[PDB]
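> here is the input, now give the coordinates:
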Amino acid sequence: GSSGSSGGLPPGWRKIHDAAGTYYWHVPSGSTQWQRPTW
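Residues are numbered from 1 along each chain as shown. Have a look at this structure:
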């Protein structure tokens, strides 16, 4: 959010840290992206 910084992650996400890198995983949305997800 260049223009607007305000912005977080919904209840269910989880930031993992692996030797490969860092990815976000959503419990409810069972989705896994490389960057920070949105509501």
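> ok, now which ones touch residue 7?
Contacts here follow CB atoms under 8 Å, 6 or more residues apart in numbering; on that basis residue 7 touches 1, 38. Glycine gets a C-beta too; all of them are placed from N, C-alpha and C.
> name the element it belongs to?
Secondary structure assigned from DSSP states H and E places residue 7 in neither a helix nor a strand.
> distance check, residue 36 against residue 4.
Counting by CB to CB, to the nearest Å, the separation of residue 36 from residue 4 is 14 Å.
> how about residue 35?
According to CB to CB, residue 35 and residue 4 sit 16 Å apart.
> please apply the same query to residue 38.
For residue 38, the distance to residue 4 (CB to CB) stands at 12 Å.
> quick one, which of these two is more surrounded?
Taking residue 38 and residue 4 together and counting by other CB atoms under 10 Å, residue 38 has the greater number of neighbours (10 against 6).
> now the more buried one. Nearest residue, chain neighbours left out?
The shortest distance from residue 38 to any non-neighbouring residue, by CB to CB, 6 or more residues apart in numbering, is to residue 7 (6.8 Å).
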